[PDB]
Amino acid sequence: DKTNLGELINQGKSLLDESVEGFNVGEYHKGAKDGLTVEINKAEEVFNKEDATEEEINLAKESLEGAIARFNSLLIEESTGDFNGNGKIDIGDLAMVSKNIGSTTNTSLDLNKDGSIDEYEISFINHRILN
């Protein structure tokens, strides 16, 4: 039985259909759509016929559900990049990214969730402040 796996695949494709990457509120961080696509394809492979065992199907559902969660976590919100959490995005927030450039331990400052703080975060904060 692959009904639920197929349902999750269709949820993922719908997220792709409806989403755009960019720097603005309601958009997703660069790479979000590529990442979700890789995971949908993994799930699609298991979905496609043959002798997939119920455990293979279950692992695939689990991984794709995690991928959907990760995609949603990459949604840019009003407060994204307001780090000290003082209600606005300003030069203090840009300074926090700068001080922490190269950090692999600051997993609230890692906006695109790629594992480190670099020019992406700098570029994002500059864009939000000025626009």
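Note that residue numbering follows the sequence shown and begins at 1.
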| item | value |
| --- | --- |
| Stretch with the greater mean C-alpha B-factor as recorded in the entry, comparing 103-111 against 12-20 | 103-111 |
| Segment of higher mean CA temperature factor, 27-35 or 77-85 | 77-85 |
| Entry-reported Cα temperature factor of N4, expressed as the chain third it lands in | middle |
| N48 CA temperature factor, ranked by third within the chain | highest |
| Chain thirds of CA B-factor: placement of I40 | lowest |
| Lowest, middle or highest third - CA B-factor, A69 | middle |
| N58 - which third its CA temperature factor falls in, relative to the rest of the chain | highest |
